[PDB]
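One chain comes next, on its own, written as structure tokens: the form deposited in one PDB entry.
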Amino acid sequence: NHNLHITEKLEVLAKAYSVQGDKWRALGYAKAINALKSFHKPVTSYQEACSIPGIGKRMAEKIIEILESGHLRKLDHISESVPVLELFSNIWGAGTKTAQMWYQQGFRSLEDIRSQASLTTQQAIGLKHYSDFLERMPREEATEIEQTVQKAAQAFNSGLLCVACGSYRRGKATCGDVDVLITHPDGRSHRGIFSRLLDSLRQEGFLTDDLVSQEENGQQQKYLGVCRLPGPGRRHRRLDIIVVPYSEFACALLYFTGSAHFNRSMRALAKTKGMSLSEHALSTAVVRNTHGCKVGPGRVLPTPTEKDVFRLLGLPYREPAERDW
């Protein structure tokens, strides 16, 4: 990043607008930031800023005030509720709506939430692991976690393919959580395995809490939970597992590898080509309404590998490490 001095200040607003619920304004700032940190050199002039995709007149203004005042006047008028909204929104399971409600109810600290707020089952787990859920783990630990899941899975079916995705696959030094994709080459042995996999991981005491896990449904697609490796000095870590049919392997891997912003940009590109891209598949000639929403099926394109998805979109392939946005 050659514009850290700028991106660090815009980050404050982006986050402020986000916790307040102004999602689209927040996105604007976030995409402007993803652009500056991705710039091949430091910005210097107002015009030079406007030439950058993702930065408009207003944003360019703010960029000059920073390079031209070392500061930004807007950061001094942010509501006093923001810090608290961010404190609350950082509880897993609580978003802008819940944070704003708690604030309106007079709550101002986690002690207030703990003693007076009504919490959903997920939020109670989020609060209990508040600090741990904000920490990142060394990638070496992510490996240990992936291996624990892989071994348990292959224990009852040696053919199961398990791959750590997310920031881990993108080669980052640390990871926020561990994303494990599980599928099977025969395109069938993946069905109804969550029940066995989870209880196995539970038997060894690996899983400590469950956030999202529809186990009554044999069609369960994901498990979002908490785990902890054995031994001293271990922290509770977020574990996200998805089981997918082999025919959707490439799209699921591309999805689960991210980054999130990379996925969104790629999906937006596919749409401009009359296609649709998701973790399930890439389709061409889909039917959309007057608002751009898909309301009719197109034709699912053959995508045995990630490269195929890039190729079909007229895009040069990009290693996972280069999808870090």
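Note that the rigid core is defined as the largest set of C-alphas that superpose within 1.5 Å between two forms. In case it trips you up, residue 1 is the first one in the sequence shown, and so on.
The next section is about a form of this same protein that is not shown, the form deposited in another entry.
Please name the one residue from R267, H280, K37, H261 with a C-alpha displacement of 2 Å or more between the shown form and the other one, using the rigid core for the superposition. With the rigid core superposed, the residue that stands out is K37.
Relative to the superposed rigid core, does the CA atom of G218 travel 2 Å or more between the shown form and the other one? Comparing the forms between the shown form and the other one, which are aligned on their rigid core, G218 does shift its C-alpha by 2 Å or more.
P53: Cα shift of 2 Å or greater between the shown form and the other one (core-aligned): After core superposition, the displacement of the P53 C-alpha between the shown form and the other one stays below 2 Å, so no.
Your call: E215 and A250 CA atoms, closer or farther in that other deposited form versus the shown structure, by 3 Å or more? Between the C-alphas of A250 and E215, the gap narrows in that other deposited form (3 Å or more compared with this form).
Distance change of 3 Å or more between the C-alpha atoms of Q220 and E279 in that other deposited form: closer or farther compared with this structure? Nearer in that other deposited form, by 3 Å or more.
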